[PDB]
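Data file: run.cif. Format and content: mmCIF, C-alpha atoms.
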data_coords
loop_
_atom_site.label_atom_id
_atom_site.label_comp_id
_atom_site.auth_asym_id
_atom_site.auth_seq_id
_atom_site.Cartn_x
_atom_site.Cartn_y
_atom_site.Cartn_z
CA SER A 43 23.86 8.22 21.90
CA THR A 44 24.00 10.50 18.82
CA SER A 45 22.11 13.31 20.67
CA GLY A 46 21.67 15.22 17.34
CA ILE A 47 25.48 15.99 17.40
CA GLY A 48 28.90 14.48 16.49
CA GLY A 49 32.71 14.76 16.13
CA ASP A 50 34.57 12.18 14.09
CA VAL A 51 31.44 10.72 12.36
CA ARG A 52 31.59 6.87 11.98
CA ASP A 53 32.69 6.73 8.32
CA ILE A 54 30.90 4.08 6.18
CA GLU A 55 31.44 3.03 2.54
CA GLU A 56 29.12 1.09 0.19
CA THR A 57 30.00 -2.53 -0.76
CA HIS A 58 27.55 -5.43 -1.10
CA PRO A 59 27.32 -7.97 1.85
CA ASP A 60 29.57 -11.08 2.01
CA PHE A 61 27.58 -12.69 4.91
CA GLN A 62 23.95 -13.01 6.21
CA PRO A 63 22.11 -10.75 8.70
CA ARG A 64 21.35 -12.63 11.97
CA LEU A 65 17.80 -13.90 12.92
CA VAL A 66 16.19 -11.03 10.83
CA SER A 67 16.48 -10.95 6.98
CA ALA A 68 16.79 -7.84 4.75
CA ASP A 69 15.58 -7.28 1.13
CA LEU A 70 17.72 -4.17 0.34
CA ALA A 71 21.57 -4.01 0.43
CA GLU A 72 23.76 -0.89 1.03
CA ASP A 73 25.49 -0.99 -2.42
CA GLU A 74 22.25 -2.08 -4.15
CA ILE A 75 20.08 0.86 -2.89
CA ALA A 76 22.85 3.27 -4.11
CA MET A 77 23.73 1.50 -7.47
CA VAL A 78 21.34 -0.75 -9.48
CA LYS A 79 22.54 -4.28 -10.51
CA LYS A 80 24.51 -4.13 -13.83
CA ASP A 81 22.26 -6.77 -15.52
CA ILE A 82 19.23 -4.52 -14.72
CA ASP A 83 21.20 -1.38 -15.81
CA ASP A 84 21.75 -3.05 -19.22
CA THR A 85 18.07 -4.26 -19.24
CA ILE A 86 16.61 -0.72 -18.74
CA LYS A 87 18.88 0.44 -21.67
CA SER A 88 17.89 -2.69 -23.74
CA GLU A 89 14.12 -2.03 -23.37
CA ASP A 90 12.40 1.00 -24.95
CA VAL A 91 9.56 0.76 -22.32
CA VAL A 92 9.33 -0.81 -18.79
CA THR A 93 6.48 -1.07 -16.21
CA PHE A 94 6.10 -2.67 -12.77
CA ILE A 95 2.91 -3.79 -11.10
CA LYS A 96 1.23 -5.37 -8.05
CA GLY A 97 1.73 -8.87 -9.56
CA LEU A 98 1.90 -9.77 -13.29
CA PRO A 99 -0.15 -8.40 -16.29
CA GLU A 100 -2.04 -11.75 -16.69
CA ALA A 101 -2.87 -11.87 -12.92
CA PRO A 102 -2.94 -8.33 -11.35
CA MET A 103 -3.21 -8.01 -7.52
CA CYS A 104 -4.70 -4.45 -7.43
CA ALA A 105 -7.57 -2.65 -9.28
CA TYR A 106 -5.22 0.24 -10.29
CA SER A 107 -2.67 -2.43 -11.39
CA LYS A 108 -5.39 -3.96 -13.69
CA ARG A 109 -6.44 -0.48 -15.00
CA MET A 110 -2.89 0.13 -16.37
CA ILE A 111 -2.93 -3.10 -18.51
CA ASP A 112 -6.36 -2.05 -19.90
CA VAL A 113 -4.76 1.44 -20.70
CA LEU A 114 -1.90 -0.47 -22.45
CA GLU A 115 -4.70 -2.29 -24.37
CA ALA A 116 -6.31 1.16 -25.05
CA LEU A 117 -2.93 2.06 -26.70
CA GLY A 118 -2.74 -1.50 -28.25
CA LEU A 119 0.93 -1.68 -27.13
CA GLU A 120 2.09 -3.75 -24.13
CA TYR A 121 5.48 -3.21 -22.46
CA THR A 122 7.95 -5.34 -20.47
CA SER A 123 6.54 -6.10 -17.01
CA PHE A 124 7.80 -6.96 -13.49
CA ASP A 125 6.14 -7.82 -10.11
CA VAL A 126 7.05 -5.54 -7.13
CA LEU A 127 6.16 -8.38 -4.67
CA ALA A 128 8.36 -11.19 -6.14
CA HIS A 129 11.84 -9.54 -6.34
CA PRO A 130 12.92 -6.51 -4.18
CA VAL A 131 15.17 -5.12 -6.99
CA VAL A 132 11.92 -3.78 -8.60
CA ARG A 133 10.74 -1.77 -5.53
CA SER A 134 14.37 -0.59 -5.00
CA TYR A 135 14.90 0.72 -8.59
CA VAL A 136 11.52 2.52 -8.80
CA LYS A 137 12.18 4.33 -5.43
CA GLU A 138 15.73 5.38 -6.47
CA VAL A 139 14.84 6.71 -10.00
CA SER A 140 11.38 8.31 -9.30
CA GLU A 141 12.06 9.54 -5.70
CA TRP A 142 8.40 8.89 -4.63
CA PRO A 143 6.79 5.66 -6.06
CA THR A 144 3.02 5.14 -6.78
CA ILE A 145 2.22 1.80 -8.54
CA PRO A 146 1.58 0.71 -11.30
CA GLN A 147 4.40 2.90 -12.67
CA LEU A 148 6.01 3.53 -16.10
CA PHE A 149 9.48 4.26 -17.56
CA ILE A 150 10.56 4.99 -21.19
CA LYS A 151 14.16 4.77 -22.57
CA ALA A 152 15.69 4.35 -19.06
CA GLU A 153 14.04 7.67 -17.88
CA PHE A 154 11.09 8.21 -15.45
CA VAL A 155 7.71 9.10 -17.02
CA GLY A 156 5.10 8.59 -14.24
CA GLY A 157 2.61 6.70 -12.06
CA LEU A 158 -0.89 5.70 -13.38
CA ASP A 159 -2.33 9.17 -12.48
CA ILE A 160 0.34 10.79 -14.75
CA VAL A 161 0.28 8.14 -17.55
CA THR A 162 -3.51 8.77 -17.65
CA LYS A 163 -2.97 12.53 -18.47
CA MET A 164 -0.34 11.66 -21.10
CA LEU A 165 -2.57 8.94 -22.74
CA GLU A 166 -5.72 11.17 -22.51
CA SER A 167 -3.70 14.02 -24.19
CA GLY A 168 -1.84 12.00 -26.92
CA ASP A 169 1.41 13.22 -25.25
CA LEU A 170 2.51 9.59 -24.54
CA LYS A 171 2.06 8.89 -28.30
CA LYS A 172 4.44 11.77 -29.30
CA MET A 173 7.46 9.97 -27.71
CA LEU A 174 6.54 6.45 -28.96
CA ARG A 175 6.04 7.83 -32.54
CA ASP A 176 9.46 9.57 -32.24
CA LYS A 177 10.77 6.01 -31.45
CA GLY A 178 9.20 4.85 -34.79
CA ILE A 179 6.33 2.89 -33.13
CA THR A 180 2.61 2.60 -34.12
CA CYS A 181 -0.09 2.63 -31.36
CA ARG A 182 -3.88 2.72 -31.23
CA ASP A 183 -4.72 6.45 -31.03
CA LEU A 184 -7.89 8.24 -29.76
#

Encoded form using structure tokens:
Amino acid sequence: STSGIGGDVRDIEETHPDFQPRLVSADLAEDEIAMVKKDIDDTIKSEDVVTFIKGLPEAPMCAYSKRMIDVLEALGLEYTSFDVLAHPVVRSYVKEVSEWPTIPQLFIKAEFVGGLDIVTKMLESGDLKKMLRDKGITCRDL
């Protein structure tokens, strides 16, 4: 037993699995929840704006997930979208970069901006529009 104490602590080091877990599957890997996949690391740098949702923007699975795509329509700009339920890389990245995830959730230029409650303040203040206009982009504005 650990008993809240130790000596020589069993020293572990992060590398991605070479074999399966037995009779119980896992969605997260020890290297993967410490470093994002290099194809996704280039993708977040290749996009100017990224969002992830309960489902897909044509078929949302939550009311708050729908409300975000209607707020993207209120701005007249839509951004590059991923389903948190289909691939566990999405729920892993959002947890690691934002600390505490609340979906649907938004990122700009590989940096964390906010959940729907926060995006709402930024959109309702024109503060979201300041950054997208600094990126040379035209939105609907209110």

Margin query: Counting all atoms listed in the file, which residue out of A:173, A:145, A:98, A:77 sits closest to residue 133 (chain A)?
Written below: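 The closest residue to residue 133 (chain A) is A:145.
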
Note to self: Translate the PyMOL selection byres ((chain A and resi 110) around 9) into a concrete residue list for this structure, as a ChimeraX atom specification.
What the structure shows: /A:95,99,105-109,111-115,146-147,158,161-162

Check: Expressed in Å to a single decimal, how great is the separation between CA of residue 142 (chain A) and CA of residue 160 (chain A)?
Finding: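 One can read the CA of residue 142 (chain A) to CA of residue 160 (chain A) distance as 13.1 Å.
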
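Note that CA of residue 168 (chain A) and CA of residue 96 (chain A) are 25.8 Å apart.
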
Margin query: For a quick check of understanding, using all atoms listed in the file, which of A:144, A:45, A:180, A:167 has the smallest distance to residue 119 (chain A)?
Written below: A:180

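The space between CA of residue 166 (chain A) and CA of residue 151 (chain A) spans 20.9 Å.
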
Item checked: Explicit residues for the PyMOL selection byres ((chain A and resi 135) around 10) (as a list in words) -> residues 74, 75, 76, 77, 78, 79, 82, 83, 130, 131, 132, 133, 134, 136, 137, 138, 139, 140, 141 and 143 of chain A

Grab the residues selected above and save them as a PDB file, keeping the file's coordinate frame with C-alpha atoms.
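As written to disk, out37.pdb reads:
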ATOM      1  CA  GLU A  74      22.250  -2.080  -4.150  1.00  0.00           C
ATOM      2  CA  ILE A  75      20.080   0.860  -2.890  1.00  0.00           C
ATOM      3  CA  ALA A  76      22.850   3.270  -4.110  1.00  0.00           C
ATOM      4  CA  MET A  77      23.730   1.500  -7.470  1.00  0.00           C
ATOM      5  CA  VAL A  78      21.340  -0.750  -9.480  1.00  0.00           C
ATOM      6  CA  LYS A  79      22.540  -4.280 -10.510  1.00  0.00           C
ATOM      7  CA  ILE A  82      19.230  -4.520 -14.720  1.00  0.00           C
ATOM      8  CA  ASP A  83      21.200  -1.380 -15.810  1.00  0.00           C
ATOM      9  CA  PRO A 130      12.920  -6.510  -4.180  1.00  0.00           C
ATOM     10  CA  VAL A 131      15.170  -5.120  -6.990  1.00  0.00           C
ATOM     11  CA  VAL A 132      11.920  -3.780  -8.600  1.00  0.00           C
ATOM     12  CA  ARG A 133      10.740  -1.770  -5.530  1.00  0.00           C
ATOM     13  CA  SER A 134      14.370  -0.590  -5.000  1.00  0.00           C
ATOM     14  CA  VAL A 136      11.520   2.520  -8.800  1.00  0.00           C
ATOM     15  CA  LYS A 137      12.180   4.330  -5.430  1.00  0.00           C
ATOM     16  CA  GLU A 138      15.730   5.380  -6.470  1.00  0.00           C
ATOM     17  CA  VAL A 139      14.840   6.710 -10.000  1.00  0.00           C
ATOM     18  CA  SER A 140      11.380   8.310  -9.300  1.00  0.00           C
ATOM     19  CA  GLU A 141      12.060   9.540  -5.700  1.00  0.00           C
ATOM     20  CA  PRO A 143       6.790   5.660  -6.060  1.00  0.00           C
TER      21      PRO A 143
END

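Shortest separation to residue 184 (chain A) among A:164, A:116, A:71, A:54 occurs at residue A:116, atoms counted being only C-alpha atoms.
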
Margin query: Ranking A:60, A:159, A:84, A:89 by minimum distance to residue 177 (chain A) and counting only C-alpha atoms, which one comes first?
Written below: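 Distance minimum relative to residue 177 (chain A) lands on A:89.
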
Next item on the list: With the file shown as input, list the residues that the PyMOL selection byres ((chain A and resi 150) around 10) selects, as a PyMOL selection string.
Entry: chain A and resi 86-87+89-93+121+148-149+151-156+170+173-174

With all atoms of region 139-157 of chain A from the file as input, state the centre and edge lengths in Å to one decimal of the axis-aligned box that has 8 Å extra on each side, as lines of an AutoDock Vina configuration file.
center_x = 8.6
center_y = 5.1
center_z = -13.6
size_x = 30.1
size_y = 24.8
size_z = 33.9

Margin query: Ranking A:102, A:70, A:56, A:94 by minimum distance to residue 122 (chain A) and counting all atoms listed in the file, which one comes first?
Written below: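 Nearest candidate to residue 122 (chain A) out of A:102, A:70, A:56, A:94: A:94.
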